[PDB]
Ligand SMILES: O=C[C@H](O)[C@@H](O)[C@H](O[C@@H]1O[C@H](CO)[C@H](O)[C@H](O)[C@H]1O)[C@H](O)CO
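Below you'll find only one chain, the form deposited without the ligand, shown as structure tokens.
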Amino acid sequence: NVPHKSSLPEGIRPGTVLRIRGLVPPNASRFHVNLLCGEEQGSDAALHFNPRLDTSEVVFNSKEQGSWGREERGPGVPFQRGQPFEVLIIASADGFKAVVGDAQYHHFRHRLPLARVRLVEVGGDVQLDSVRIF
């Protein structure tokens, strides 16, 4: 459950799929899914997928050398309070594909080498059903 952590000793490669299923609680403000390069605190973040329900946005970003990059925003917020959700983050050679429900939501080009991802974190105001990595 939250905070959910999924170690990836041998990293990921094009063709890796991250399936997160869960619920957005009634008064959820925002939750986040991070593809990090290490388990230590303040580690670099290859991907930062932050759905924000209170502001009705979905922010994509990356952390490198302790400082964040520029935020990208997807088309709307495909999450709603009190409704379950299924998210797929698919790793390709070019970037990360965020798929919500039965629609492609956003494509995040790689800012850091995909070979450096070593951990998946999921936190915030969310009640997870399952976190699986195929």
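Numbers for residues come from their place in the sequence shown, where the first is 1.
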Q) Averaging C-alpha B-factors over each stretch, which comes out higher, 37-45 or 23-31? A) 37-45
Q: Look up the CA B-factors in the entry and say which stretch, 47-55 or 63-71, has the higher mean.
A: 63-71
Q) Split the chain's modelled residues into thirds by Cα B-factor; is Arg116 in the lowest, middle or highest one? A) highest
(Q) Among the modelled residues of this chain, does the Cα B factor of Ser130 put it in the lowest, middle or highest third? (A) lowest
Q) With respect to C-alpha B-factor, does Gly11 fall in the lowest, middle or highest third of the chain as deposited? A) highest
(Q) Which third, lowest, middle or highest, does the C-alpha temperature factor of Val77 belong to within its own chain? (A) middle
Q.
Please say which third, lowest, middle or highest, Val87 falls into when its CA temperature factor is compared across its chain.
A. lowest
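Below, we refer to the form solved in complex with the ligand, which is not included among the displayed structures.
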Q) So in the bound PDB entry, does any heavy atom of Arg73 sit within 4.5 Å of the ligand? A) yes
Q. Can any non-hydrogen atom of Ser92 be found within 4.5 angstroms of the ligand in the bound PDB entry?
A. no
Q: Give a yes or no for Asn61: in the bound PDB entry, does one of its heavy atoms lie within 4.5 Å of a heavy atom belonging to the ligand?
A: yes
Q. Can any non-hydrogen atom of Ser43 be found within 4.5 angstroms of the ligand in the bound PDB entry?
A. no
**Q.** Among 100-108, 35-43, 84-92, 50-58, the region lying within 4.5 Å of the ligand in the bound PDB entry by heavy atom distance
**A.** 50-58
